[PDB]
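Asks: Below you'll find query.pdb; it's PDB, C-alpha atoms.
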ATOM      1  CA  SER C   1       0.000   0.000   0.000
ATOM      2  CA  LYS C   2       1.105   3.559  -0.578
ATOM      3  CA  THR C   3       0.833   6.720   1.546
ATOM      4  CA  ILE C   4       0.127   9.944  -0.316
ATOM      5  CA  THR C   5      -0.312  13.545   0.775
ATOM      6  CA  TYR C   6      -1.005  16.893  -0.863
ATOM      7  CA  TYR C   7       1.196  19.877  -0.038
ATOM      8  CA  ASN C   8      -0.639  23.191  -0.483
ATOM      9  CA  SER C   9      -0.437  25.130   2.805
ATOM     10  CA  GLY C  10       3.119  25.757   3.949
ATOM     11  CA  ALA C  11       2.481  25.712   7.710
ATOM     12  CA  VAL C  12       4.803  22.692   8.093
ATOM     13  CA  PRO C  13       8.140  22.851   6.201
ATOM     14  CA  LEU C  14       8.052  20.600   3.163
ATOM     15  CA  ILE C  15      11.324  18.883   3.999
ATOM     16  CA  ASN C  16       9.636  17.371   7.091
ATOM     17  CA  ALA C  17       7.924  14.934   4.719
ATOM     18  CA  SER C  18      11.297  13.354   3.849
ATOM     19  CA  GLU C  19      11.462  11.877   7.376
ATOM     20  CA  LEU C  20       7.869  10.598   7.451
ATOM     21  CA  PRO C  21       6.379   7.396   6.024
ATOM     22  CA  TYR C  22       5.041   8.935   2.806
ATOM     23  CA  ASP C  23       5.569   7.336  -0.571
ATOM     24  CA  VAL C  24       4.239  10.192  -2.725
ATOM     25  CA  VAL C  25       3.908  13.937  -2.203
ATOM     26  CA  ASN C  26       1.633  15.890  -4.556
ATOM     27  CA  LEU C  27       2.630  19.546  -4.815
ATOM     28  CA  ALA C  28      -0.555  21.620  -5.136
ATOM     29  CA  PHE C  29      -1.157  23.371  -7.489
ATOM     30  CA  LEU C  30      -0.342  24.129 -11.083
ATOM     31  CA  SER C  31      -3.375  25.472 -12.935
ATOM     32  CA  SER C  32      -4.631  27.684 -15.746
ATOM     33  CA  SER C  33      -4.239  31.432 -15.506
ATOM     34  CA  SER C  34      -7.464  33.433 -15.696
ATOM     35  CA  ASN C  35      -5.873  35.174 -18.651
ATOM     36  CA  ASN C  36      -4.935  32.384 -21.078
ATOM     37  CA  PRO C  37      -5.829  28.840 -20.056
ATOM     38  CA  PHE C  38      -2.746  27.394 -21.753
ATOM     39  CA  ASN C  39      -0.443  29.496 -19.550
ATOM     40  CA  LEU C  40      -0.042  27.394 -16.395
ATOM     41  CA  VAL C  41       0.669  29.140 -13.075
ATOM     42  CA  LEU C  42       1.720  27.873  -9.651
ATOM     43  CA  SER C  43      -0.176  28.528  -6.430
ATOM     44  CA  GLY C  44       0.429  27.537  -2.826
ATOM     45  CA  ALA C  45       3.469  27.523  -0.588
ATOM     46  CA  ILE C  46       5.591  25.944  -3.327
ATOM     47  CA  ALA C  47       5.500  29.110  -5.449
ATOM     48  CA  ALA C  48       8.140  31.824  -5.286
ATOM     49  CA  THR C  49       6.363  33.273  -8.325
ATOM     50  CA  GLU C  50       3.711  32.025 -10.726
ATOM     51  CA  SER C  51       6.428  30.226 -12.702
ATOM     52  CA  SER C  52       8.964  29.060 -10.110
ATOM     53  CA  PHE C  53       9.385  26.992  -6.955
ATOM     54  CA  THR C  54      10.896  28.543  -3.857
ATOM     55  CA  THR C  55      14.483  27.665  -2.997
ATOM     56  CA  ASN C  56      13.363  25.588   0.000
ATOM     57  CA  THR C  57      10.875  23.673  -2.157
ATOM     58  CA  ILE C  58      13.520  22.780  -4.751
ATOM     59  CA  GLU C  59      15.826  21.416  -2.051
ATOM     60  CA  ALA C  60      13.028  19.573  -0.249
ATOM     61  CA  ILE C  61      12.125  17.765  -3.481
ATOM     62  CA  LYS C  62      15.720  16.586  -3.909
ATOM     63  CA  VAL C  63      15.868  15.369  -0.305
ATOM     64  CA  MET C  64      12.534  13.555  -0.627
ATOM     65  CA  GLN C  65      13.689  11.928  -3.866
ATOM     66  CA  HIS C  66      16.999  10.886  -2.188
ATOM     67  CA  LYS C  67      14.769   9.081   0.234
ATOM     68  CA  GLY C  68      13.018   7.254  -2.559
ATOM     69  CA  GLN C  69       9.847   9.258  -2.248
ATOM     70  CA  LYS C  70       8.067  10.448  -5.398
ATOM     71  CA  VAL C  71       7.100  14.077  -5.922
ATOM     72  CA  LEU C  72       4.370  15.018  -8.391
ATOM     73  CA  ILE C  73       2.935  18.321  -9.497
ATOM     74  CA  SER C  74      -0.829  18.373  -9.034
ATOM     75  CA  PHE C  75      -2.581  20.037 -11.966
ATOM     76  CA  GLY C  76      -6.029  21.472 -11.404
ATOM     77  CA  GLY C  77      -7.610  21.738  -7.978
ATOM     78  CA  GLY C  78     -10.993  22.924  -6.905
ATOM     79  CA  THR C  79     -10.702  26.538  -7.939
ATOM     80  CA  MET C  80      -9.953  25.948 -11.640
ATOM     81  CA  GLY C  81     -12.796  27.103 -13.852
ATOM     82  CA  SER C  82     -14.763  24.934 -16.244
ATOM     83  CA  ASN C  83     -14.193  27.618 -18.877
ATOM     84  CA  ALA C  84     -10.426  27.058 -18.699
ATOM     85  CA  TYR C  85     -10.866  23.296 -19.140
ATOM     86  CA  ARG C  86     -13.230  23.904 -22.065
ATOM     87  CA  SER C  87     -10.468  25.759 -23.907
ATOM     88  CA  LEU C  88      -7.829  23.201 -22.936
ATOM     89  CA  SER C  89     -10.023  20.391 -24.246
ATOM     90  CA  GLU C  90      -9.557  21.767 -27.775
ATOM     91  CA  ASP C  91      -5.781  21.148 -27.646
ATOM     92  CA  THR C  92      -4.808  18.457 -25.129
ATOM     93  CA  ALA C  93      -1.490  17.830 -26.878
ATOM     94  CA  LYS C  94      -0.386  21.393 -26.151
ATOM     95  CA  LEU C  95      -1.479  21.066 -22.524
ATOM     96  CA  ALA C  96       0.305  17.712 -22.256
ATOM     97  CA  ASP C  97       3.518  19.220 -23.614
ATOM     98  CA  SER C  98       3.382  22.092 -21.123
ATOM     99  CA  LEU C  99       2.790  19.682 -18.229
ATOM    100  CA  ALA C 100       5.480  17.220 -19.345
ATOM    101  CA  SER C 101       7.950  20.080 -19.749
ATOM    102  CA  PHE C 102       7.137  21.362 -16.266
ATOM    103  CA  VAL C 103       7.752  17.885 -14.836
ATOM    104  CA  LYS C 104      11.053  17.430 -16.662
ATOM    105  CA  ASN C 105      12.391  20.971 -16.197
ATOM    106  CA  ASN C 106      11.720  20.718 -12.450
ATOM    107  CA  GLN C 107      12.931  17.090 -12.157
ATOM    108  CA  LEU C 108       9.627  15.824 -10.768
ATOM    109  CA  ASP C 109       8.329  12.266 -10.815
ATOM    110  CA  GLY C 110       5.102  12.958 -12.702
ATOM    111  CA  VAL C 111       1.678  14.570 -12.516
ATOM    112  CA  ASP C 112      -1.442  14.272 -10.403
ATOM    113  CA  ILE C 113      -4.533  15.324 -12.361
ATOM    114  CA  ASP C 114      -6.806  16.827  -9.713
ATOM    115  CA  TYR C 115      -9.821  17.330 -11.971
ATOM    116  CA  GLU C 116     -13.045  18.508 -10.284
ATOM    117  CA  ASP C 117     -15.161  19.891 -13.182
ATOM    118  CA  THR C 118     -18.217  17.762 -12.468
ATOM    119  CA  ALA C 119     -20.437  19.661 -14.915
ATOM    120  CA  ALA C 120     -18.345  18.337 -17.808
ATOM    121  CA  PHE C 121     -19.672  14.839 -17.007
ATOM    122  CA  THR C 122     -23.328  16.033 -17.109
ATOM    123  CA  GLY C 123     -23.460  17.749 -20.491
ATOM    124  CA  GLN C 124     -23.528  21.201 -18.848
ATOM    125  CA  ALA C 125     -19.974  22.440 -19.543
ATOM    126  CA  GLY C 126     -19.811  22.638 -23.328
ATOM    127  CA  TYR C 127     -17.126  19.962 -23.622
ATOM    128  CA  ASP C 128     -16.825  16.223 -23.030
ATOM    129  CA  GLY C 129     -14.907  15.873 -19.769
ATOM    130  CA  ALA C 130     -14.341  12.131 -20.077
ATOM    131  CA  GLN C 131     -12.848  12.481 -23.547
ATOM    132  CA  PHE C 132     -10.722  15.369 -22.249
ATOM    133  CA  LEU C 133      -9.313  13.225 -19.453
ATOM    134  CA  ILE C 134      -8.868  10.280 -21.823
ATOM    135  CA  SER C 135      -6.982  12.369 -24.391
ATOM    136  CA  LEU C 136      -4.959  14.254 -21.776
ATOM    137  CA  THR C 137      -3.918  10.980 -20.134
ATOM    138  CA  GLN C 138      -2.836   9.471 -23.462
ATOM    139  CA  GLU C 139      -0.832  12.522 -24.520
ATOM    140  CA  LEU C 140       0.779  12.870 -21.103
ATOM    141  CA  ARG C 141       1.692   9.172 -20.920
ATOM    142  CA  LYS C 142       3.275   9.445 -24.365
ATOM    143  CA  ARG C 143       5.611  12.138 -22.987
ATOM    144  CA  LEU C 144       6.040  10.689 -19.451
ATOM    145  CA  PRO C 145       6.407   6.937 -19.973
ATOM    146  CA  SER C 146       5.951   4.186 -17.426
ATOM    147  CA  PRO C 147       7.564   3.202 -15.254
ATOM    148  CA  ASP C 148       9.810   6.203 -14.917
ATOM    149  CA  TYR C 149       6.949   8.648 -14.365
ATOM    150  CA  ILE C 150       3.670   8.657 -12.452
ATOM    151  CA  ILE C 151       0.290   9.858 -13.698
ATOM    152  CA  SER C 152      -2.419   9.870 -11.047
ATOM    153  CA  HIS C 153      -5.919  11.364 -10.993
ATOM    154  CA  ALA C 154      -7.931  12.497  -7.945
ATOM    155  CA  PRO C 155     -11.596  11.707  -8.640
ATOM    156  CA  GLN C 156     -14.502  12.127  -6.305
ATOM    157  CA  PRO C 157     -16.730   9.109  -5.587
ATOM    158  CA  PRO C 158     -19.630  10.094  -7.900
ATOM    159  CA  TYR C 159     -17.184  10.029 -10.814
ATOM    160  CA  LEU C 160     -16.690   6.265 -10.286
ATOM    161  CA  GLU C 161     -20.285   5.127  -9.651
ATOM    162  CA  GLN C 162     -21.249   2.658 -12.391
ATOM    163  CA  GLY C 163     -24.386   3.979 -14.021
ATOM    164  CA  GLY C 164     -24.241   7.330 -12.298
ATOM    165  CA  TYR C 165     -25.185  10.713 -13.745
ATOM    166  CA  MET C 166     -21.741  12.120 -13.091
ATOM    167  CA  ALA C 167     -19.692   8.937 -13.560
ATOM    168  CA  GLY C 168     -17.200  10.392 -16.020
ATOM    169  CA  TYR C 169     -14.291   8.404 -14.599
ATOM    170  CA  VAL C 170     -15.988   5.083 -15.364
ATOM    171  CA  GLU C 171     -15.496   5.987 -19.015
ATOM    172  CA  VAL C 172     -11.990   7.236 -18.230
ATOM    173  CA  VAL C 173     -10.759   4.042 -16.581
ATOM    174  CA  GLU C 174     -12.469   1.889 -19.211
ATOM    175  CA  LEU C 175     -10.526   3.599 -22.017
ATOM    176  CA  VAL C 176      -7.151   4.524 -20.453
ATOM    177  CA  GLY C 177      -7.086   2.975 -16.976
ATOM    178  CA  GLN C 178      -4.089   0.893 -18.037
ATOM    179  CA  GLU C 179      -2.116   4.146 -18.442
ATOM    180  CA  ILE C 180      -2.987   5.587 -15.002
ATOM    181  CA  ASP C 181      -0.896   4.583 -12.014
ATOM    182  CA  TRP C 182      -3.615   5.151  -9.401
ATOM    183  CA  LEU C 183      -6.657   7.189  -8.394
ATOM    184  CA  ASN C 184      -6.614   9.399  -5.290
ATOM    185  CA  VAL C 185     -10.311   9.014  -4.432
ATOM    186  CA  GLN C 186     -11.538  11.976  -2.350
ATOM    187  CA  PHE C 187     -13.816  10.399   0.228
ATOM    188  CA  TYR C 188     -14.752  13.852   1.535
ATOM    189  CA  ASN C 189     -16.867  16.842   0.490
ATOM    190  CA  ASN C 190     -19.188  14.202  -0.979
ATOM    191  CA  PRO C 191     -22.273  12.914   0.797
ATOM    192  CA  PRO C 192     -23.282  10.177   1.351
ATOM    193  CA  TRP C 193     -19.682   8.942   1.447
ATOM    194  CA  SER C 194     -18.443  11.686   3.798
ATOM    195  CA  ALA C 195     -17.785  10.276   7.288
ATOM    196  CA  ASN C 196     -19.786   7.163   6.339
ATOM    197  CA  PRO C 197     -17.314   4.262   6.621
ATOM    198  CA  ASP C 198     -19.717   1.550   5.465
ATOM    199  CA  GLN C 199     -20.437   3.485   2.282
ATOM    200  CA  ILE C 200     -16.739   4.265   1.769
ATOM    201  CA  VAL C 201     -15.788   0.584   2.069
ATOM    202  CA  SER C 202     -18.433  -0.780  -0.293
ATOM    203  CA  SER C 203     -17.699   1.929  -2.858
ATOM    204  CA  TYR C 204     -13.933   1.383  -2.557
ATOM    205  CA  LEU C 205     -14.389  -2.322  -3.301
ATOM    206  CA  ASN C 206     -16.624  -1.541  -6.295
ATOM    207  CA  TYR C 207     -14.027   0.871  -7.660
ATOM    208  CA  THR C 208     -11.271  -1.745  -7.476
ATOM    209  CA  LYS C 209     -13.408  -3.957  -9.740
ATOM    210  CA  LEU C 210     -13.916  -1.415 -12.526
ATOM    211  CA  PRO C 211     -12.282  -2.334 -15.855
ATOM    212  CA  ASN C 212      -8.474  -1.875 -15.682
ATOM    213  CA  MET C 213      -8.698  -1.032 -11.974
ATOM    214  CA  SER C 214      -7.522  -2.999  -8.940
ATOM    215  CA  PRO C 215      -6.797  -2.410  -5.235
ATOM    216  CA  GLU C 216      -3.292  -1.267  -6.162
ATOM    217  CA  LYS C 217      -4.735   1.475  -8.385
ATOM    218  CA  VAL C 218      -7.306   2.877  -5.922
ATOM    219  CA  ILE C 219      -6.157   5.027  -2.978
ATOM    220  CA  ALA C 220      -8.647   6.080  -0.298
ATOM    221  CA  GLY C 221      -8.307   9.796   0.520
ATOM    222  CA  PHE C 222      -9.322  11.569   3.737
ATOM    223  CA  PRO C 223      -8.985  14.945   5.476
ATOM    224  CA  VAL C 224      -6.422  15.040   8.270
ATOM    225  CA  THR C 225      -8.405  17.434  10.471
ATOM    226  CA  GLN C 226     -11.855  18.855  10.636
ATOM    227  CA  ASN C 227     -10.723  22.111   8.973
ATOM    228  CA  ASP C 228      -9.421  20.186   5.946
ATOM    229  CA  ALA C 229     -12.831  19.544   4.373
ATOM    230  CA  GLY C 230     -16.390  20.808   4.427
ATOM    231  CA  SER C 231     -17.539  17.247   5.128
ATOM    232  CA  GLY C 232     -16.016  13.841   5.763
ATOM    233  CA  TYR C 233     -13.617  14.272   8.674
ATOM    234  CA  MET C 234     -13.245  11.097  10.691
ATOM    235  CA  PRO C 235     -10.908  10.491  13.645
ATOM    236  CA  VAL C 236      -7.974   8.308  12.737
ATOM    237  CA  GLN C 237      -9.233   5.418  14.895
ATOM    238  CA  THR C 238     -12.401   5.368  12.801
ATOM    239  CA  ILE C 239     -10.449   5.357   9.524
ATOM    240  CA  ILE C 240      -8.315   2.484  10.804
ATOM    241  CA  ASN C 241     -10.994   0.280  12.288
ATOM    242  CA  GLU C 242     -14.021   1.050  10.063
ATOM    243  CA  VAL C 243     -12.337   1.634   6.679
ATOM    244  CA  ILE C 244      -8.797   0.241   6.522
ATOM    245  CA  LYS C 245      -9.307  -2.981   8.448
ATOM    246  CA  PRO C 246     -12.658  -3.864   6.778
ATOM    247  CA  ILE C 247     -11.078  -3.394   3.346
ATOM    248  CA  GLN C 248      -8.018  -5.427   4.321
ATOM    249  CA  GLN C 249     -10.343  -8.245   5.497
ATOM    250  CA  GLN C 250     -11.977  -8.514   2.102
ATOM    251  CA  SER C 251      -9.331  -7.483  -0.331
ATOM    252  CA  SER C 252      -6.150  -5.495  -0.379
ATOM    253  CA  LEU C 253      -5.850  -1.741   0.064
ATOM    254  CA  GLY C 254      -3.962   0.299  -2.508
ATOM    255  CA  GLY C 255      -3.264   3.004   0.035
ATOM    256  CA  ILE C 256      -4.322   6.123   1.918
ATOM    257  CA  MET C 257      -4.180   9.728   0.692
ATOM    258  CA  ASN C 258      -4.702  12.821   2.811
ATOM    259  CA  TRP C 259      -5.561  16.462   2.411
ATOM    260  CA  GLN C 260      -3.260  17.916   3.517
ATOM    261  CA  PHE C 261       0.328  17.626   4.770
ATOM    262  CA  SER C 262       0.563  20.811   6.829
ATOM    263  CA  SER C 263      -2.496  19.887   8.905
ATOM    264  CA  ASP C 264      -0.764  16.849  10.474
ATOM    265  CA  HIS C 265       1.014  17.798  13.704
ATOM    266  CA  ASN C 266       4.398  16.130  14.134
ATOM    267  CA  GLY C 267       3.371  13.637  11.469
ATOM    268  CA  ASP C 268       1.334  11.744  14.059
ATOM    269  CA  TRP C 269      -1.544  11.063  11.640
ATOM    270  CA  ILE C 270       0.614   9.561   8.901
ATOM    271  CA  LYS C 271       2.609   7.548  11.439
ATOM    272  CA  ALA C 272      -0.551   5.934  12.849
ATOM    273  CA  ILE C 273      -2.062   5.354   9.434
ATOM    274  CA  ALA C 274       1.121   3.931   8.005
ATOM    275  CA  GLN C 275       1.423   1.554  10.911
ATOM    276  CA  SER C 276      -2.021   0.242  10.108
ATOM    277  CA  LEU C 277      -1.115  -0.442   6.522
TER     278      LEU C 277
END
Starting from the file, give its structure as structure tokens.

Replies:
Amino acid sequence: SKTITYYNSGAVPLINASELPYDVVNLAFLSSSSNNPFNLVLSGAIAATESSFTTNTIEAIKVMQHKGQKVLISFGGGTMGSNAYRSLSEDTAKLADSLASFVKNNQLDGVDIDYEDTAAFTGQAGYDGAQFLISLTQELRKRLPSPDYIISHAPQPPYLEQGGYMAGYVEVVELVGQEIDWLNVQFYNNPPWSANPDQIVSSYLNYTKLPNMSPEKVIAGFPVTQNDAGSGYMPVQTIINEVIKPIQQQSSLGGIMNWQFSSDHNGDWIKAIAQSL
């Protein structure tokens, strides 16, 4: 199983992650400028400017990588507009080249596609979101081959519900799941999954059985603290004993993701979770 975290807030120095039991750190975020959607800009504690990492970030990445940890840039995030994606969907190869260049020029291990434009799975966004994610994944994987590079996505549970109205990622995994390393499923901000372990477990198992998916390719994601999500916080003892152990009893568990690194005091959360894996 793998342990994954997102780094957006800088309240805890990034280099602290190099001494904690994380396998993957997603730097959040790279996203479209309001100006021109094909110009990608950085946000969060990683950014010295819109186009550059801070000095401390650059060093922390090297130290993490020396430890055998993988560091991805997360593209997207919750604040990226559907209108920017609509434009990008008309030239995914150009977007892929920009992302691949950012990964290579900053010596990263790949990309996390944190895509949250739900309306593009319901016919309300003026572009086909599933075909966008399918094409973007193919073009990115062309430029960032396995197994040297990682491509993850971060879907929300409705995206993966067979037969659902917003199940865009069912189509995604059916067409290009073999090219995706794993899914960081956000079991938060999404009723009725939020803080509902029984529903999280049954859905997790269903997702591992989608075409091209497996336990290894599905990571269960949670907020560290109450302030990390509008809904879905659960104490770590509940995650362990009502999510992790029930999944381990029936299948295997690809891993645990959290939002977000700087909310975890002294790394206690990841230490307890890791232990349980």

Asks: Could you list as a PyMOL selection string every residue that has an atom within 9 Å of (-4.9, 23.6, -15.2), using the file's coordinates and counting only C-alpha atoms?

Replies: chain C and resi 29-33+37-41+75-77+80-81+84-85+88+95+113-115

Asks: So that I can check the surroundings of residue 62 in chain C, please list as a list in words every protein, DNA and RNA residue that reaches within 12 Å of it, counting all atoms listed in the file and ignoring chain neighbours fewer than 3 positions away.

Replies: residues 14, 15, 17, 18, 55, 56, 57, 58, 59, 65, 66, 67, 68, 69, 70, 71, 106, 107, 108 and 109 of chain C

Asks: Of the candidates C:133, C:28, C:140, C:277, which shows the shortest atom-to-atom distance to residue 261 in chain C, using all atoms listed in the file?

Replies: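 So, comparing all the options, the nearest one is C:28.
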
Asks: Which residues would end up in the selection if the PyMOL selection byres ((chain C and resi 46) around 8) were applied here, given that I need the answer as JSON, numbers by chain?

Replies: {"C": [8, 10, 27, 28, 42, 43, 44, 45, 47, 48, 53, 54, 57]}

Asks: Name the residues in contact with range 168-181 of chain C at a cut-off of 6 Å, using all atoms listed in the file, excluding same-chain residues fewer than 6 positions from it; report them as JSON, numbers by chain.

Replies: {"C": [121, 130, 134, 151, 152, 159, 160, 211, 212]}

Asks: Which distance in Å separates CA of residue 205 in chain C and CA of residue 233 in chain C, to one decimal?

Replies: 20.5 Å

Asks: Determine the residue set returned by the PyMOL selection byres ((chain C and resi 194) around 10) for the present structure, and present it as a PyMOL selection string.

Replies: chain C and resi 157+186-193+195-197+199-200+222+229-234

Asks: Mind pulling up the distance from CA of residue 3 in chain C to CA of residue 129 in chain C?

Replies: 28.0 Å

Asks: I need the residue set behind the PyMOL selection byres ((chain C and resi 111) around 6) for this file; please write it as a PyMOL selection string.

Replies: chain C and resi 72-74+110+112+151

Asks: Draw an axis-aligned box over all listed atoms of range 169-176 of chain C, pad each side with 8 Å, and write its centre and edge lengths in Å, one decimal, as JSON.

Replies:
{"center_x": -11.6, "center_y": 5.1, "center_z": -18.3, "size_x": 24.8, "size_y": 22.5, "size_z": 23.4}

Asks: Excluding residue 161 in chain C and residues on its chain fewer than 5 positions from it, collect all residues at most 10 Å away from it, counting all atoms listed in the file, and give them as JSON, numbers by chain.

Replies: {"C": [156, 166, 167, 168, 169, 170, 203, 206, 207, 210]}

Asks: What separation in Å, quoted to one decimal, exists between CA of residue 9 in chain C and CA of residue 262 in chain C?

Replies: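 Interatomic distance here is 6.0 Å.
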
Asks: For residue 260 in chain C, which residue among C:96, C:273, C:224, C:239 is the nearest when counting all atoms listed in the file?

Replies: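 The answer is C:224, which sits nearest to residue 260 in chain C.
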
Asks: Nearest to residue 100 in chain C among C:150, C:185, C:220, C:63, with distances taken over all atoms listed in the file: which residue is it?

Replies: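 Between C:150, C:185, C:220, C:63, the residue approaching residue 100 in chain C most closely is C:150.
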
Asks: Find, counting only C-alpha atoms, the residue in C:198, C:216, C:268, C:128 that gets nearest to residue 236 in chain C.

Replies: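 Going through C:198, C:216, C:268, C:128 one by one, the smallest distance to residue 236 in chain C is for C:268.
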
Asks: Counting all atoms listed in the file, which residue out of C:148, C:116, C:228, C:90 sits closest to residue 136 in chain C?

Replies: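 Using all atoms listed in the file, residue 136 in chain C sits closest to C:90.
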
Asks: My list of candidates is C:243, C:60, C:201, C:219. Which is closest to residue 258 in chain C when distances are computed with only C-alpha atoms?

Replies: C:219
